[PDB]
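Here is the structure we will look at.
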Amino acid sequence: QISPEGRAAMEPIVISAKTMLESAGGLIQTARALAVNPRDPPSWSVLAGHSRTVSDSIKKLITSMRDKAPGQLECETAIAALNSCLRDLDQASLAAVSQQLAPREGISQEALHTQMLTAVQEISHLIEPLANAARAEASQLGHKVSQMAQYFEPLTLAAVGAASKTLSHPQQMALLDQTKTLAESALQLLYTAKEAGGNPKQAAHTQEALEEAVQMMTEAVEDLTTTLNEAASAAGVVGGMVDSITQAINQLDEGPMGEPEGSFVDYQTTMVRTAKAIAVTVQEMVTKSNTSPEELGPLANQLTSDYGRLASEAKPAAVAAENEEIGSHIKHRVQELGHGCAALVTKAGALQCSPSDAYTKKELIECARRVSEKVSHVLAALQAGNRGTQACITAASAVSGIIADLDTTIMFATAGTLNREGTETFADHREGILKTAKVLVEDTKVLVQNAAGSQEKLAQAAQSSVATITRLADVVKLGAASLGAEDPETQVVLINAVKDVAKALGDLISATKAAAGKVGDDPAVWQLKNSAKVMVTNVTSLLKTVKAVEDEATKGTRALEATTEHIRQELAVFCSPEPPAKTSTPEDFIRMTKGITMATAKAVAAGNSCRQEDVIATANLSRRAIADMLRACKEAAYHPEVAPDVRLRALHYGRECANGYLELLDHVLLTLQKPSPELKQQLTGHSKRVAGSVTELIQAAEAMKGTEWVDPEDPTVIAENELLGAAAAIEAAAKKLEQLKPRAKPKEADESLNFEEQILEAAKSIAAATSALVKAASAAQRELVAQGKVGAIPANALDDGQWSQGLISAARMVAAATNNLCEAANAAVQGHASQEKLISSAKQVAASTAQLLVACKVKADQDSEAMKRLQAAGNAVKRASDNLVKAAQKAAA
Amino acid sequence: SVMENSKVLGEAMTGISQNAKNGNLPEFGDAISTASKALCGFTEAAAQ
Amino acid sequence: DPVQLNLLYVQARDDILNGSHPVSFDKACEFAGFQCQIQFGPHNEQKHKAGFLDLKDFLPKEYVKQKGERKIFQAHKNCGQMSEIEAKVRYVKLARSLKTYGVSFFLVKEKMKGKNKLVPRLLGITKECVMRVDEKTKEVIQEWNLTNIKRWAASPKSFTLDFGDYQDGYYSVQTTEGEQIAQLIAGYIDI
Amino acid sequence: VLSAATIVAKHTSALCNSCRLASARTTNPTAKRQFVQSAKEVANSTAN
């Protein structure tokens, strides 16, 4: 469409342009006569007059392009629009902090929240084309700011109405700040767009200021998003969030946007994990359906935001697929789950307003069961496609739980709960570890043979690899419990041998993750032949670890060879710069740094005693310390508050402290080779050289601290109050199962057999033991504050405050795991239709139990007055959990 | 694109005139064909 | 006076040690060198070595983790054979040279302009002017006359300053003691 | 023959470049499927 107003504005440009041709028309024909006659006195007078009519039209036409100013006048009106709305935010902040502004009783909160949500959604849809249309078209710049600046003037008017009738005073002021943050981000976006003007001649330093303003607006996206829908999820309002399913649907109806930069196998792995997360989330809401319907508010809103992540991940899936028939088969299955979840949220939102209603609960049961069968179809087509390491995603999630199964077992011996079970000895179970290892090398050998081929032999070798280690980890627990609790240190080196093998096995499948049916000339597929060769040296160390325990002359000699072998696997990727996802405090690194001073007293005195059992007690203490220290040297380094110049100083000091300790680990090998005391005196001299790197690691940790304080709170104070606070919480969790009546109602009871009575007596025996276990833990720390073993000095408070923070956590994580098991036992009697949930709830309640027993035994003994009550009741927890574990294998299968 | 032909046709105001002062007819005639082509890109830019 | 200026030096040193008087890192190192010049007389390079004394008596706990005492010992080389009274005079003069002396200072948490981030700042109030001071550099970012500031409002958690049309935008901070700030502002009734 | 064929083979790549801009911007997947074999049959005609 053409506008006559800009047509009249562009019309003087054609005036000087057409008269330029008029000055050029008479010029050449007068120059045509000059070709015949070179010397004519009136000809040079009119030829200069011809060129003057050109040049007078030159100066007017050139300055008209600079006096055009496209998009310059319209952005100035957006400045006054932003200056007006900011002054609206000024006086609203004055009135609401004084509570003097009268609200509007006619208008509603959730009606205003629906308007403000839709306002930002139309804003956010314009921002991503705005950055591209900035540099491309200068007339589009004034065009888009006419659309954008007109949005904020009723949006601020909609904001001041909801904030006036907002009851919560911290919530009534936080909405003004993010709108102020949204306004200034668009104001700096106005500053970057006006200064650049969409000029490709202008340099890229303005373009980096544009992309900074892109992330400034993207910051204003998620701040305004999460603050308002969660406020709507505080009520039972289903509006906008149900439209967000449609707003995820219409982008799928747009079709393939373009060719993706990532691989088809990369986005397939991101889909199957997010599809696994939403299936257990709605199954969690089955438990919260009849029990606590008020908790269902932000649960579906979390599922609302995750479905937008699901649609965005599935957006380049069709183009990345080889067949459009398979790719279009995926995209409709997303909307099938989108239709079912949309009925799931709006029925629960009315159930949020009506908690006493039970028919909507039963109506929510079937549509949750419908999408459970529908989510089986969104992965069966992925199973039909040979592309995608779908078995490897199920492999890595399984062996992480096997690692979590081994996490319970490494804390069995350190707490001392792993007693000798019957007549089991090391000679009885040494071959079952190795006979499984004989098939393990053959499973490792065919992994590089299945590097190129079909998906059927690849997924069969992937599933048999998980079946190998699960057969291996069960006989590891048979061999670890066979040694007895009297010598716990050889139990630790037995499990940690196969634990680092499993960590090497988890990295082994990650080589086949990027290599699915592909060639082997790539170095990552050569790393599939190299990390397996590392695993070959680990599975033969597993042959040697069996040979280490069975004798005593080379007991700690052969155990330390596998200890130094494991550190070089860790130090290879530690020297490689890898930003971790987890953020660790530097105070946790200070606890691990000061622990080497106590570890040097254990390491040198073991070599001076020349006892191979004390070397294993050193090698278990050295490997456990050096593993998390290099993790704390990597996770705390990439914290945003930590300065980026001081983190490589700690990475340099952390590398050479491990290099100074590995040489110390090489010299205590010579102490096992040579019993001369002259080699023992060098261990005292080498201990300060590691401690010299420890003191530099301390001073590197001193200059990295982004927090204002070296410790958040006092360590002994909050550890004591949360101890007795969680002591009554388990007793409150113990009476919950007795409060739960048997499900006489046929509607809520999915399963009503007699094994629910076996679960309930197992859950009550969990609840009765943990009520006495936490009182054994209540007398444990009360003896720690009476005898005074953990210390109270402020210098060691950084070494004990992280333990005191963990003493709060592991008591509350026990209080959380006993809450989630009671949440599982609430779902067990009514029927949860999930076998793996009751397995995971009974395993984590034993995992937190050994975690708190480890957190209690730090700077404490195993045979205290309360620790022996922690031992007897802690064994009563595990024997009740494992009875519940085997009952959970048959529960809802 | 305007600033290209502004210096070309600005020189061609003196380029086609000085050759006619000397009578350099092949030099003047080639200067017209370059100035005409410069006006072709001038008009096609100004119309855009 | 060698006694009253010494007492003012002791008061300023105590206000440094509790942190009520904000100073930059180089000024803290120079004041720690002056304090060592007072406590140990003239400086000898053989006497001061690594691991000599703890910095908790010379610096607050936010400055003992800087690893700069050798720099303070380098400041000891800036001391030399300076006498005690001249060290007191230079301590009081460098204390009065900075704008933080005698000014009511409060550590606050503010929101960044454009960025959704919490940043600590310092608010310094006199009888006639208020100032914003950076946390790291201890530099006066912006000044505001009392006559130009129109109104002020407090909360149990936050505080704001209305400047009217003289300044675009208000000043919002998270103060747990802004009620005493507004009480001191209302105490400036002398026009 | 050879100089004019280079001008033709230049413009066939412009048609293959135009089909890639077309198929990335086409709402209809049927014509996008035809856009794949469009530049393919250009290469099937030109290289022969």
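List of remarks:
- Among the candidates A:855, A:772, the residue that is among the aliphatic types (A, V, I, L, M), over 25 Å from residue A:492 (Cβ atoms) and in contact (Cβ under 8 Å) with a residue 12 or more places away in the chain is uniquely A:772.
- Strands (runs of 3 or more DSSP E) wholly inside segment C:119-191 containing at least 1 residues that are loosely packed, with under 12 Cβ neighbours inside 10 Å: C:140-145
- Condition broken by residue A:89, with the remaining ones in (1) in contact with a helix residue (DSSP H, G or I) (Cβ under 6 Å, 6 or more places away or on another chain); (2) farther than 22 Å from residue A:219 by Cα; (3) within 14 Å of chain C (Cβ to nearest Cβ); (4) surrounded by 19 or more Cβ atoms within 10 Å (Cβ to Cβ) satisfied: (2)
- Any hit, segment D:9-19, residues being within 14 Å of chain A (Cβ to nearest Cβ) and either surrounded by 10 or more Cβ atoms within 10 Å (Cβ to Cβ) or free of Cβ contacts under 8 Å to residues at least 12 places away in the same chain (or both): yes
- All conditions but one from (1) in contact with a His (Cβ under 7 Å, 6 or more places away or on another chain); (2) touching a residue at least 24 places away in the same chain (Cβ under 8 Å) apply to residue A:691; the one that does not is (1).
- Scanning segment A:34-68 for residues being surrounded by fewer than 13 Cβ atoms within 10 Å (Cβ to Cβ) and outside any helix (DSSP H, G or I) gives a total of 3.
- Within segment C:155-174, residues that are facing chain A (nearest Cβ under 9 Å) and of a type in the set (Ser, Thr, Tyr) sit with their Cβ atoms under 7 Å from residues that are in a loop (DSSP other than H, G, I, E, B) and surrounded by 13 or more Cβ atoms within 10 Å (Cβ to Cβ), at 6+ positions apart or across chains, in these pairs: C:158/C:175; C:160/C:170; C:170/C:163; C:172/C:158.
- For segment A:233-244, the tally of residues that are surrounded by fewer than 21 Cβ atoms within 10 Å (Cβ to Cβ) and either among the hydrophobic types (A, V, I, L, M, F, W, C) or within 14 Å of chain C (Cβ to nearest Cβ) (or both) stands at 3.
- Residue list for segment C:57-72, filter: within 12 Å of chain A (Cβ to nearest Cβ) and either touching a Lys or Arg at 6+ places or on another chain (Cβ under 9 Å) or of a type outside the set (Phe, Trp, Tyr) (or both): C:60, C:61, C:62, C:64, C:65, C:66, C:67, C:68, C:69, C:70
- Qualifying residue in segment A:818-830 (condition: closer than 22 Å to residue A:368 by Cα and outside any helix (DSSP H, G or I)): no
- Identity of the residue in segment A:248-262, charged (D, E, K, R) and more than 8 Å from chain D (Cβ to nearest Cβ), that ends up nearest to residue A:333 (Cα to Cα): A:253
- Residue match in segment A:692-712 (condition: part of a helix (DSSP H, G or I), within 14 Å of chain C (Cβ to nearest Cβ), surrounded by 15 or more Cβ atoms within 10 Å (Cβ to Cβ) and in contact with a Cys (Cβ under 7 Å, 6 or more places away or on another chain)): yes
- Of all residues in segment A:41-58, those that are of a type outside the set (A, V, I, L, M, F, W, C) and either more than 10 Å from chain B (Cβ to nearest Cβ) or within 60 Å of the chain's Cα centre (by Cα) (or both) total 7.
- Taking segment A:350-371 as the range and being touching a helix residue (DSSP H, G or I) at 6+ places or on another chain (Cβ under 8 Å) and touching a residue at least 24 places away in the same chain (Cβ under 8 Å) as the test, the residues that pass are A:350, A:351, A:352, A:355, A:358, A:361, A:364, A:365, A:367, A:368, A:370, A:371.
- Among the residues of segment A:672-689, those identified as under 22 Å from residue A:593 (Cα atoms) and out of contact with any helix residue (DSSP H, G or I) (no Cβ under 8 Å at 6 or more places or on another chain) are A:685, A:688.
- Of A:183, A:196, all but one fail to be of a type outside the set (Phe, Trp, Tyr), farther than 19 Å from residue A:82 by Cα and in contact with a helix residue (DSSP H, G or I) (Cβ under 6 Å, 6 or more places away or on another chain); the exception is A:196.
- Within segment A:190-244, being more than 24 Å from the chain's Cα centre (by Cα) and polar (S, T, N, Q) holds for A:192, A:199, A:202, A:206, A:207.
- For the residues A:166, A:118, the requirement of being away from chain C (no Cβ under 14 Å), buried (at least 18 other Cβ atoms within 10 Å of the Cβ) and hydroxyl-bearing (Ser, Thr, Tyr) singles out A:166.
- Qualifying residue in segment A:448-464 (condition: over 30 Å from residue A:417 (Cβ atoms) and in contact with an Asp or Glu (Cβ under 9 Å, 6 or more places away or on another chain)): yes
- Pick from segment A:1-30, criterion closer than 27 Å to residue A:43 by Cα and among the charged types (D, E, K, R), ranking: nearest to the other protein chains (Cβ to nearest Cβ): A:18
- Evaluation of residue A:81 against (1) within 11 Å of chain B (Cβ to nearest Cβ); (2) part of a helix (DSSP H, G or I); (3) not charged (D, E, K, R) (one fails), failing number: (1)
- Checking A:284, A:254, A:230 one by one, the residue that is under 30 Å from residue A:513 (Cβ atoms) and either among the charged types (D, E, K, R) or surrounded by fewer than 18 Cβ atoms within 10 Å (Cβ to Cβ) (or both) is A:284 and no other.
- Residue in segment A:739-764 that is farthest from residue A:804 (Cα to Cα), counting only those that are more than 35 Å from the chain's Cα centre (by Cα) and assigned to a helix (DSSP H, G or I): A:755
- Residue that is farthest from residue A:52 (Cα to Cα) [pool: residues in segment B:4-21 that are more than 8 Å from every other protein chain (Cβ to nearest Cβ) and among the polar types (S, T, N, Q)]: B:19
- Criterion (in contact (Cβ under 8 Å) with a residue 60 or more places away in the chain, crowded, with 19+ Cβ neighbours inside 10 Å, part of a helix (DSSP H, G or I) and within 13 Å of chain C (Cβ to nearest Cβ)) met by exactly one of A:186, A:159: A:186
- Residue A:736 surrounded by 15 or more Cβ atoms within 10 Å (Cβ to Cβ) and outside any helix (DSSP H, G or I): no
- Scanning segment C:21-42 turns up one or more residues that are within 25 Å of residue C:132 (Cβ to Cβ) and β-branched (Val, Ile, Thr).
- Set A:836, A:865: member being surrounded by fewer than 21 Cβ atoms within 10 Å (Cβ to Cβ), farther than 16 Å from residue A:404 by Cβ and not hydroxyl-bearing (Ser, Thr, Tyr): A:865
Don't worry about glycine lacking a Cβ; one is built from the backbone with ideal geometry, like all the others, and counts go over all protein chains shown. Only the coordinates and a few stated rules stand behind these numbers; no lab work does.
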